[PDB]
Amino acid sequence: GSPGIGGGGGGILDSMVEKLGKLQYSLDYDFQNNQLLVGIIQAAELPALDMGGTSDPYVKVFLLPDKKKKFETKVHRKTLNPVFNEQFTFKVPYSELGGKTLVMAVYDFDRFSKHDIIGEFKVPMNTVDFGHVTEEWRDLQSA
């Protein structure tokens, strides 16, 4: 925006991953039935509301670039450490899965306003190890 002579910072700190919580999920391709199984297990350390209070988290799960309706977990009210314990199934033949990307996005449910996103992350199908169940914690990223 300018020569950048004045500024200080701060800039390195602003680049770091924000503490927006983490989501544990699992993933397995069922070659018998030809479907992708996704386990939305639990989230931890979701951020407290600006001025105290807990959020009402739920997770949207879907595949890009597919235009189909997103799956959603139940809403867990007033908790920053929800255990979802839900499984979703995507009926997609393996051959068609390679170019897709799984997205998991945690939102804060509200009945009277747009639901604020808490954070999200993506899992490209082309870097998943289909020979073993995948299970990991992922830090939620801004957006």
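Residues carry their position along the shown sequence, with the first being 1.
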| query | finding |
| --- | --- |
| Cross-entry absence of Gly52, a third or more of other PDB entries | yes |
| Between 17 to 25 and 118 to 126 (mean CA B-factor, as deposited), the higher | 118 to 126 |
| 63 to 71 versus 98 to 106 - greater average Cα B-factor per the deposited record | 63 to 71 |
| Residue with highest C-alpha B-factor in the PDB entry, from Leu36, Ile40, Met51, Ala44 | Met51 |
| Selection from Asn85, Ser55, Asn81, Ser113 [criterion: highest C-alpha temperature factor in the record] | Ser113 |
